[PDB]
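Pasted below: input.tsv, TSV, C-alpha atoms and all ligand atoms.
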```tsv
chain	number	residue	atom	x	y	z
A	701	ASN	CA	-15.19	8.80	-13.49
A	702	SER	CA	-18.18	6.49	-13.81
A	703	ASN	CA	-19.76	5.25	-10.54
A	704	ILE	CA	-20.48	1.74	-11.89
A	705	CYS	CA	-18.13	-1.03	-13.11
A	706	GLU	CA	-17.84	-0.93	-16.94
A	707	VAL	CA	-18.12	-4.73	-17.19
A	708	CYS	CA	-20.88	-5.72	-14.72
A	709	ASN	CA	-22.66	-2.35	-14.35
A	710	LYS	CA	-22.70	-2.62	-10.51
A	711	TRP	CA	-21.29	-0.21	-7.90
A	712	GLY	CA	-18.87	-1.45	-5.22
A	713	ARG	CA	-15.10	-1.14	-4.68
A	714	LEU	CA	-14.14	0.45	-7.97
A	715	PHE	CA	-10.75	1.39	-9.46
A	716	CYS	CA	-10.86	4.37	-11.78
A	717	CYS	CA	-9.03	4.82	-15.07
A	718	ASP	CA	-6.70	7.89	-15.17
A	719	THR	CA	-7.05	8.39	-18.91
A	720	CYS	CA	-10.75	7.80	-19.52
A	721	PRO	CA	-13.84	7.95	-17.29
A	722	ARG	CA	-14.30	4.12	-16.92
A	723	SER	CA	-14.24	2.29	-13.64
A	724	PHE	CA	-13.74	-1.38	-12.68
A	725	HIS	CA	-14.06	-3.90	-9.96
A	726	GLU	CA	-10.68	-5.44	-9.35
A	727	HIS	CA	-11.42	-8.88	-10.94
A	728	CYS	CA	-13.85	-7.56	-13.58
A	729	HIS	CA	-10.95	-5.77	-15.36
A	730	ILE	CA	-8.71	-8.16	-17.33
A	731	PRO	CA	-5.93	-8.43	-16.39
A	732	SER	CA	-6.99	-7.86	-12.67
A	733	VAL	CA	-6.46	-4.22	-11.71
A	734	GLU	CA	-2.75	-3.74	-11.02
A	735	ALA	CA	-1.58	-3.22	-7.32
A	736	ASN	CA	0.21	0.12	-7.59
A	737	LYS	CA	0.69	2.14	-10.87
A	738	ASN	CA	-0.19	5.86	-10.57
A	739	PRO	CA	-1.31	6.80	-13.11
A	740	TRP	CA	-3.22	3.68	-14.21
A	741	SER	CA	-4.70	3.15	-17.63
A	742	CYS	CA	-7.43	0.52	-18.25
A	743	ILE	CA	-7.47	-1.96	-21.10
A	744	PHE	CA	-9.66	0.20	-23.28
A	745	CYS	CA	-6.97	2.95	-23.11
A	746	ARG	CA	-4.13	0.47	-23.64
A	747	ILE	CA	-5.83	-0.89	-26.77
A	748	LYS	CA	-6.51	2.61	-28.09
A	749	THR	CA	-2.80	3.41	-27.64
A	750	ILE	CA	-1.75	0.39	-29.76
A	751	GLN	CA	-4.05	1.62	-32.53
A	752	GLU	CA	-2.73	5.19	-32.31
A	753	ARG	CA	0.91	4.13	-32.35
A	754	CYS	CA	0.28	1.98	-35.47
A	755	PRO	CA	-2.63	3.37	-37.51
A	756	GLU	CA	-1.92	0.71	-40.18
A	757	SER	CA	-2.92	-1.94	-37.59
A	758	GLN	CA	-6.54	-1.08	-38.47
A	759	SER	CA	-6.24	-2.11	-42.12
A	760	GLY	CA	-8.11	-5.31	-42.88
A	761	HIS	CA	-6.59	-8.68	-42.08
A	762	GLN	CA	-7.27	-12.29	-43.00
A	763	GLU	CA	-8.55	-14.39	-40.04
A	764	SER	CA	-6.14	-17.19	-41.00
A	765	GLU	CA	-3.21	-14.79	-40.57
A	766	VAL	CA	-4.51	-13.44	-37.26
A	767	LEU	CA	-4.97	-16.92	-35.79
A	768	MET	CA	-1.34	-17.93	-36.51
A	769	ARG	CA	0.10	-14.97	-34.65
A	770	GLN	CA	2.21	-15.75	-31.63
A	771	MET	CA	0.91	-14.49	-28.32
A	772	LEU	CA	3.42	-11.61	-27.90
A	773	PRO	CA	2.39	-8.81	-25.43
A	774	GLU	CA	0.17	-6.98	-27.92
A	775	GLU	CA	-1.73	-10.12	-28.99
A	776	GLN	CA	-2.02	-11.20	-25.33
A	777	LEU	CA	-3.61	-7.82	-24.55
A	778	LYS	CA	-5.97	-7.98	-27.54
A	779	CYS	CA	-7.25	-11.47	-26.41
A	780	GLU	CA	-7.64	-10.13	-22.81
A	781	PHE	CA	-9.73	-7.27	-24.20
A	782	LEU	CA	-11.83	-9.53	-26.42
A	783	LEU	CA	-12.51	-11.80	-23.36
A	784	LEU	CA	-13.54	-8.70	-21.43
A	785	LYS	CA	-15.93	-7.60	-24.10
A	786	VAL	CA	-17.73	-10.93	-23.77
A	787	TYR	CA	-17.95	-10.56	-19.96
A	788	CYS	CA	-19.43	-7.07	-20.59
A	789	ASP	CA	-22.64	-8.75	-21.86
A	790	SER	CA	-24.91	-9.92	-19.05
A	791	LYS	CA	-25.62	-13.18	-20.90
A	792	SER	CA	-22.00	-14.18	-20.29
A	793	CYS	CA	-23.17	-15.40	-16.82
A	794	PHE	CA	-24.33	-18.60	-18.48
A	795	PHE	CA	-20.88	-19.41	-19.78
A	796	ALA	CA	-18.69	-18.10	-16.93
A	797	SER	CA	-18.40	-21.02	-14.54
A	798	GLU	CA	-17.85	-24.72	-15.09
A	799	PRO	CA	-20.95	-26.29	-16.63
A	800	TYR	CA	-22.48	-29.74	-15.98
A	801	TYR	CA	-24.56	-31.90	-18.25
A	802	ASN	CA	-27.53	-34.08	-17.27
A	803	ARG	CA	-30.40	-33.68	-19.70
A	804	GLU	CA	-32.61	-36.48	-21.06
A	805	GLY	CA	-31.66	-37.15	-24.66
A	806	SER	CA	-28.30	-35.38	-24.65
A	807	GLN	CA	-24.76	-36.29	-23.87
A	808	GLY	CA	-22.29	-33.72	-22.45
A	809	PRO	CA	-19.36	-32.48	-24.60
A	810	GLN	CA	-16.08	-34.30	-24.83
A	811	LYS	CA	-14.22	-31.09	-23.92
A	812	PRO	CA	-16.10	-28.74	-21.68
A	813	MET	CA	-15.02	-25.11	-21.72
A	814	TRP	CA	-16.04	-21.93	-19.94
A	815	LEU	CA	-15.00	-18.27	-19.70
A	816	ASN	CA	-13.32	-18.48	-16.29
A	817	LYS	CA	-11.15	-21.31	-17.56
A	818	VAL	CA	-10.12	-19.16	-20.56
A	819	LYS	CA	-9.49	-16.28	-18.16
A	820	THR	CA	-7.14	-18.52	-16.09
A	821	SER	CA	-5.47	-19.89	-19.21
A	822	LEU	CA	-4.65	-16.36	-20.40
A	823	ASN	CA	-3.45	-15.34	-16.97
A	824	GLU	CA	-1.11	-18.33	-16.80
A	825	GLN	CA	0.17	-17.63	-20.41
A	826	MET	CA	-0.99	-21.06	-21.59
A	827	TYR	CA	-1.79	-19.94	-25.13
A	828	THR	CA	1.11	-19.66	-27.59
A	829	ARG	CA	-0.92	-18.42	-30.54
A	830	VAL	CA	-4.13	-16.44	-30.98
A	831	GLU	CA	-5.63	-19.59	-32.48
A	832	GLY	CA	-5.51	-21.33	-29.01
A	833	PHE	CA	-7.62	-18.62	-27.39
A	834	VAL	CA	-10.07	-18.35	-30.30
A	835	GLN	CA	-10.60	-22.11	-30.50
A	836	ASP	CA	-11.46	-22.33	-26.76
A	837	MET	CA	-13.85	-19.33	-27.03
A	838	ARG	CA	-15.62	-20.83	-30.01
A	839	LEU	CA	-15.82	-24.23	-28.31
A	840	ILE	CA	-17.79	-22.70	-25.46
A	841	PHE	CA	-20.62	-21.82	-27.81
A	842	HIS	CA	-20.39	-24.88	-30.02
A	843	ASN	CA	-20.69	-27.19	-26.96
A	844	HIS	CA	-23.76	-25.27	-25.83
A	845	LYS	CA	-25.46	-25.48	-29.23
A	846	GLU	CA	-24.80	-29.17	-29.52
A	847	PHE	CA	-26.04	-30.01	-26.01
A	848	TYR	CA	-29.22	-27.94	-25.96
A	849	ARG	CA	-30.26	-29.24	-29.43
A	850	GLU	CA	-33.78	-27.87	-30.09
A	851	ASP	CA	-34.42	-26.28	-26.72
A	852	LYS	CA	-34.81	-22.60	-27.22
A	853	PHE	CA	-31.99	-22.13	-24.66
A	854	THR	CA	-29.62	-22.84	-27.54
A	855	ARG	CA	-30.19	-19.25	-28.59
A	856	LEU	CA	-28.13	-17.94	-25.67
A	857	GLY	CA	-25.12	-19.58	-27.26
A	858	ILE	CA	-25.91	-17.94	-30.61
A	859	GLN	CA	-26.26	-14.58	-28.93
A	860	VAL	CA	-23.07	-14.62	-26.96
A	861	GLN	CA	-21.15	-16.07	-29.88
A	862	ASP	CA	-22.32	-13.12	-32.02
A	863	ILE	CA	-20.89	-10.73	-29.37
A	864	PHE	CA	-17.62	-12.65	-29.46
A	865	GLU	CA	-17.35	-12.70	-33.26
A	866	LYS	CA	-18.22	-9.00	-33.75
A	867	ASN	CA	-15.64	-7.98	-31.18
A	868	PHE	CA	-13.04	-10.37	-32.68
A	869	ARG	CA	-13.52	-8.75	-36.12
A	870	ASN	CA	-13.22	-5.27	-34.55
A	871	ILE	CA	-10.28	-5.83	-32.22
A	872	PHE	CA	-8.16	-7.73	-34.68
A	873	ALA	CA	-9.29	-5.61	-37.67
A	874	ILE	CA	-10.52	-8.49	-39.80
A	875	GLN	CA	-11.18	-7.43	-43.45
A	876	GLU	CA	-14.85	-6.58	-43.95
A	877	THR	CA	-16.79	-8.86	-46.29
A	878	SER	CA	-20.33	-9.70	-47.45
B	901	ZN	ZN	-17.69	-5.38	-12.09
B	902	ZN	ZN	-9.35	3.99	-19.62
B	903	ZN	ZN	3.66	3.33	-37.92
```

Show this structure as structure tokens.
Ligand SMILES: [Zn+2]
Ligand SMILES: [Zn+2]
Ligand SMILES: [Zn+2]
Amino acid sequence: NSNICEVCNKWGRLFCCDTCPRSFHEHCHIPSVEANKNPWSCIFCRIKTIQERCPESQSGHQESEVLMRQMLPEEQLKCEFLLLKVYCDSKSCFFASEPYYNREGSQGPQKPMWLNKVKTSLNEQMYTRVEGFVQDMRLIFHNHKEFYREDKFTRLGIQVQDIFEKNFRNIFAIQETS
């Protein structure tokens, strides 16, 4: 197995996947690495299994259909994985913890949002449909863009949003378009 966490790329107290060479810190994996379970399979392996059990799941889908899906166990897992893929980018540090807003010429957002709050919301099964999760994720970046206006820091929001959206299209097999 790898000697660094797949998500944060640091060594430390790592838990190793039994079905692929990835390793994780306990709270870097989503959901948090399970207490017992031998063998243990990580979220990458669990997602690959879903795909392999239902090859047709990789045919293209309409986003509108995906968003209306109820958060049954497979959709819950897919949102957990998509959240993890965003944490895998180092620029996610800007969006992880609760933000605050005091900048001359801007007003903070009406509904602040951040990745750790989404992580808790998923853990506590607060989303009933995929739409709930996706709206909160997208709000993170939209708030950032709106607040930082013309400061070049706005680009961090564009960059992390692009990582989100590419992984959303991949994980939920959204029909390719120009
Ligand atoms: Zn880690
Ligand atoms: Zn694995
Ligand atoms: Zn089948």

Can I get the residues of segment 811-845 of chain A within 10 Å of segment 772-789 of chain A, each with the closest pair of atoms and their distance in Å to one decimal, using all atoms listed in the file, sorted chain first then ascending number, as a tab-separated table?
```
residue	atom	partner	partner_atom	distance
A:815	CA	A:783	CA	7.8
A:816	CA	A:783	CA	9.8
A:818	CA	A:783	CA	8.2
A:819	CA	A:783	CA	7.5
A:822	CA	A:780	CA	7.3
A:823	CA	A:780	CA	8.9
A:825	CA	A:776	CA	8.4
A:827	CA	A:776	CA	8.7
A:828	CA	A:772	CA	8.4
A:829	CA	A:775	CA	8.5
A:830	CA	A:775	CA	7.0
A:833	CA	A:779	CA	7.2
A:834	CA	A:779	CA	8.4
A:837	CA	A:783	CA	8.5
```

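Within 10 Å of the point (-24.1, -23.0, -22.4) in file coordinates, and counting all atoms listed in the file, lie the residues residues 792, 793, 794, 795, 796, 797, 798, 799, 800, 801, 812, 813, 814, 840, 841, 842, 843, 844, 845, 846, 847, 848, 853, 854, 855, 856, 857, 858 and 860 of chain A.
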
Exercise for review: Give as a count of residues only the residues surrounding ligand ZN 903 (chain B) up to a distance of 9 Å, considering all atoms listed in the file.
Suggested key: 6

**Study point:** Selection as a PyMOL selection string: residues within 7 Å of ligand ZN 901 (chain B) by all atoms listed in the file
**Key:** chain A and resi 705-710+724-725+728

Point to revise | Environment of ligand ZN 902 (chain B) within 9 Å, counting only C-alpha atoms and all ligand atoms, reported as a PyMOL selection string | key: chain A and resi 716-723+740-746

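For the choices A:732, A:713, A:831, A:750, the atom-to-atom distance to residue 770 of chain A is smallest for A:831 when using only C-alpha atoms.
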
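Closest approach to residue 748 of chain A among A:766, A:863, A:871, A:733: A:871, based on all atoms listed in the file.
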
Practice item. Could you give me, as a PyMOL selection string, the residues within 12 Å of residue 735 of chain A, counting all atoms listed in the file and dropping anything in the same chain fewer than 6 positions from it? Key: chain A and resi 715+726-727

Review point. Of the candidates A:702, A:849, A:817, A:832, which one gets nearest to residue 803 of chain A if we count all atoms listed in the file?
Key: A:849

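When atom CA of residue 749 of chain A is paired with atom CA of residue 872 of chain A, their separation reads 14.2 Å.
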
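Closest approach to residue 835 of chain A among A:767, A:790, A:866, A:711 is made by A:767 (distances from all atoms listed in the file).
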
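Interatomic distance, atom CA of residue 862 of chain A to atom CA of residue 850 of chain A: 18.8 Å.
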
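Put simply, atom CA of residue 791 of chain A is 17.5 Å away from atom CA of residue 868 of chain A.
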
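Omitting residue 877 of chain A and its sequence neighbours fewer than 2 positions away, and counting all atoms listed in the file, the residues within 10 Å are residues 760, 874 and 875 of chain A.
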
Missing atoms of segment 785-818 of chain A rebuilt to N, CA and C atoms, written as a PDB file, in the coordinates of the input:
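What follows is the written file rebuild.pdb:
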```pdb
ATOM      1  N   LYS A 785     -14.770  -8.024 -23.384  1.00  0.00           N
ATOM      2  CA  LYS A 785     -15.930  -7.600 -24.100  1.00  0.00           C
ATOM      3  C   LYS A 785     -17.060  -8.643 -24.013  1.00  0.00           C
ATOM      4  N   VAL A 786     -16.703  -9.912 -23.916  1.00  0.00           N
ATOM      5  CA  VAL A 786     -17.730 -10.930 -23.770  1.00  0.00           C
ATOM      6  C   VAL A 786     -18.311 -10.872 -22.354  1.00  0.00           C
ATOM      7  N   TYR A 787     -17.454 -10.695 -21.349  1.00  0.00           N
ATOM      8  CA  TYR A 787     -17.950 -10.560 -19.960  1.00  0.00           C
ATOM      9  C   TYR A 787     -18.823  -9.336 -19.813  1.00  0.00           C
ATOM     10  N   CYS A 788     -18.600  -8.300 -20.617  1.00  0.00           N
ATOM     11  CA  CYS A 788     -19.430  -7.070 -20.590  1.00  0.00           C
ATOM     12  C   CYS A 788     -20.918  -7.311 -20.901  1.00  0.00           C
ATOM     13  N   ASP A 789     -21.223  -8.364 -21.604  1.00  0.00           N
ATOM     14  CA  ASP A 789     -22.640  -8.750 -21.860  1.00  0.00           C
ATOM     15  C   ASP A 789     -23.184  -9.557 -20.715  1.00  0.00           C
ATOM     16  N   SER A 790     -24.395  -9.195 -20.224  1.00  0.00           N
ATOM     17  CA  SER A 790     -24.910  -9.920 -19.050  1.00  0.00           C
ATOM     18  C   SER A 790     -25.156 -11.403 -19.315  1.00  0.00           C
ATOM     19  N   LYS A 791     -25.386 -11.788 -20.579  1.00  0.00           N
ATOM     20  CA  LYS A 791     -25.620 -13.180 -20.900  1.00  0.00           C
ATOM     21  C   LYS A 791     -24.346 -14.050 -20.783  1.00  0.00           C
ATOM     22  N   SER A 792     -23.192 -13.434 -20.575  1.00  0.00           N
ATOM     23  CA  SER A 792     -22.000 -14.180 -20.290  1.00  0.00           C
ATOM     24  C   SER A 792     -22.098 -14.979 -18.979  1.00  0.00           C
ATOM     25  N   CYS A 793     -23.016 -14.611 -18.060  1.00  0.00           N
ATOM     26  CA  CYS A 793     -23.170 -15.400 -16.820  1.00  0.00           C
ATOM     27  C   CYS A 793     -23.414 -16.869 -17.065  1.00  0.00           C
ATOM     28  N   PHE A 794     -24.116 -17.196 -18.147  1.00  0.00           N
ATOM     29  CA  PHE A 794     -24.330 -18.600 -18.480  1.00  0.00           C
ATOM     30  C   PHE A 794     -23.118 -19.459 -18.846  1.00  0.00           C
ATOM     31  N   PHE A 795     -22.063 -18.792 -19.279  1.00  0.00           N
ATOM     32  CA  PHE A 795     -20.880 -19.410 -19.780  1.00  0.00           C
ATOM     33  C   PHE A 795     -19.669 -19.168 -18.868  1.00  0.00           C
ATOM     34  N   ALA A 796     -19.826 -18.491 -17.750  1.00  0.00           N
ATOM     35  CA  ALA A 796     -18.690 -18.100 -16.930  1.00  0.00           C
ATOM     36  C   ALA A 796     -18.095 -19.243 -16.150  1.00  0.00           C
ATOM     37  N   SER A 797     -18.938 -20.051 -15.469  1.00  0.00           N
ATOM     38  CA  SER A 797     -18.400 -21.020 -14.540  1.00  0.00           C
ATOM     39  C   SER A 797     -18.541 -22.374 -15.136  1.00  0.00           C
ATOM     40  N   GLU A 798     -17.986 -23.397 -14.478  1.00  0.00           N
ATOM     41  CA  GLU A 798     -17.850 -24.720 -15.090  1.00  0.00           C
ATOM     42  C   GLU A 798     -19.236 -25.353 -15.201  1.00  0.00           C
ATOM     43  N   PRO A 799     -19.631 -25.770 -16.391  1.00  0.00           N
ATOM     44  CA  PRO A 799     -20.950 -26.290 -16.630  1.00  0.00           C
ATOM     45  C   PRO A 799     -21.026 -27.776 -16.239  1.00  0.00           C
ATOM     46  N   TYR A 800     -22.257 -28.274 -16.100  1.00  0.00           N
ATOM     47  CA  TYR A 800     -22.480 -29.740 -15.980  1.00  0.00           C
ATOM     48  C   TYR A 800     -23.725 -30.155 -16.798  1.00  0.00           C
ATOM     49  N   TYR A 801     -23.753 -31.427 -17.176  1.00  0.00           N
ATOM     50  CA  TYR A 801     -24.560 -31.900 -18.250  1.00  0.00           C
ATOM     51  C   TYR A 801     -25.373 -33.162 -17.886  1.00  0.00           C
ATOM     52  N   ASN A 802     -26.665 -32.967 -17.595  1.00  0.00           N
ATOM     53  CA  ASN A 802     -27.530 -34.080 -17.270  1.00  0.00           C
ATOM     54  C   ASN A 802     -28.964 -33.740 -17.746  1.00  0.00           C
ATOM     55  N   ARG A 803     -29.196 -34.051 -18.978  1.00  0.00           N
ATOM     56  CA  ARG A 803     -30.400 -33.680 -19.700  1.00  0.00           C
ATOM     57  C   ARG A 803     -30.826 -34.923 -20.448  1.00  0.00           C
ATOM     58  N   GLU A 804     -32.101 -35.283 -20.347  1.00  0.00           N
ATOM     59  CA  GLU A 804     -32.610 -36.480 -21.060  1.00  0.00           C
ATOM     60  C   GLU A 804     -32.456 -36.254 -22.560  1.00  0.00           C
ATOM     61  N   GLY A 805     -31.868 -37.217 -23.235  1.00  0.00           N
ATOM     62  CA  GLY A 805     -31.660 -37.150 -24.660  1.00  0.00           C
ATOM     63  C   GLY A 805     -30.419 -36.452 -25.138  1.00  0.00           C
ATOM     64  N   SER A 806     -29.559 -35.952 -24.235  1.00  0.00           N
ATOM     65  CA  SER A 806     -28.300 -35.380 -24.650  1.00  0.00           C
ATOM     66  C   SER A 806     -27.162 -35.953 -23.844  1.00  0.00           C
ATOM     67  N   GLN A 807     -26.008 -35.894 -24.475  1.00  0.00           N
ATOM     68  CA  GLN A 807     -24.760 -36.290 -23.870  1.00  0.00           C
ATOM     69  C   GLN A 807     -23.868 -35.014 -23.727  1.00  0.00           C
ATOM     70  N   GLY A 808     -23.159 -34.881 -22.615  1.00  0.00           N
ATOM     71  CA  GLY A 808     -22.290 -33.720 -22.450  1.00  0.00           C
ATOM     72  C   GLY A 808     -21.133 -33.734 -23.465  1.00  0.00           C
ATOM     73  N   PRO A 809     -20.501 -32.569 -23.713  1.00  0.00           N
ATOM     74  CA  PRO A 809     -19.360 -32.480 -24.600  1.00  0.00           C
ATOM     75  C   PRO A 809     -18.149 -33.226 -24.122  1.00  0.00           C
ATOM     76  N   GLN A 810     -17.384 -33.695 -25.089  1.00  0.00           N
ATOM     77  CA  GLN A 810     -16.080 -34.300 -24.830  1.00  0.00           C
ATOM     78  C   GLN A 810     -15.098 -33.341 -24.172  1.00  0.00           C
ATOM     79  N   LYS A 811     -15.143 -32.039 -24.499  1.00  0.00           N
ATOM     80  CA  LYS A 811     -14.220 -31.090 -23.920  1.00  0.00           C
ATOM     81  C   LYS A 811     -14.955 -29.847 -23.460  1.00  0.00           C
ATOM     82  N   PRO A 812     -15.418 -29.884 -22.221  1.00  0.00           N
ATOM     83  CA  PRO A 812     -16.100 -28.740 -21.680  1.00  0.00           C
ATOM     84  C   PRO A 812     -15.185 -27.513 -21.633  1.00  0.00           C
ATOM     85  N   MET A 813     -15.764 -26.330 -21.716  1.00  0.00           N
ATOM     86  CA  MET A 813     -15.020 -25.110 -21.720  1.00  0.00           C
ATOM     87  C   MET A 813     -15.912 -24.006 -21.157  1.00  0.00           C
ATOM     88  N   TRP A 814     -15.328 -23.018 -20.517  1.00  0.00           N
ATOM     89  CA  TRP A 814     -16.040 -21.930 -19.940  1.00  0.00           C
ATOM     90  C   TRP A 814     -15.135 -20.735 -19.795  1.00  0.00           C
ATOM     91  N   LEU A 815     -15.739 -19.560 -19.608  1.00  0.00           N
ATOM     92  CA  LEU A 815     -15.000 -18.270 -19.700  1.00  0.00           C
ATOM     93  C   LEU A 815     -13.958 -18.124 -18.620  1.00  0.00           C
ATOM     94  N   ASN A 816     -14.303 -18.536 -17.404  1.00  0.00           N
ATOM     95  CA  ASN A 816     -13.320 -18.480 -16.290  1.00  0.00           C
ATOM     96  C   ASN A 816     -12.109 -19.341 -16.526  1.00  0.00           C
ATOM     97  N   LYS A 817     -12.250 -20.475 -17.197  1.00  0.00           N
ATOM     98  CA  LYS A 817     -11.150 -21.310 -17.560  1.00  0.00           C
ATOM     99  C   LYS A 817     -10.271 -20.627 -18.607  1.00  0.00           C
ATOM    100  N   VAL A 818     -10.897 -19.997 -19.570  1.00  0.00           N
ATOM    101  CA  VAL A 818     -10.120 -19.160 -20.560  1.00  0.00           C
ATOM    102  C   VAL A 818      -9.397 -18.004 -19.869  1.00  0.00           C
TER     103      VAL A 818
END
```
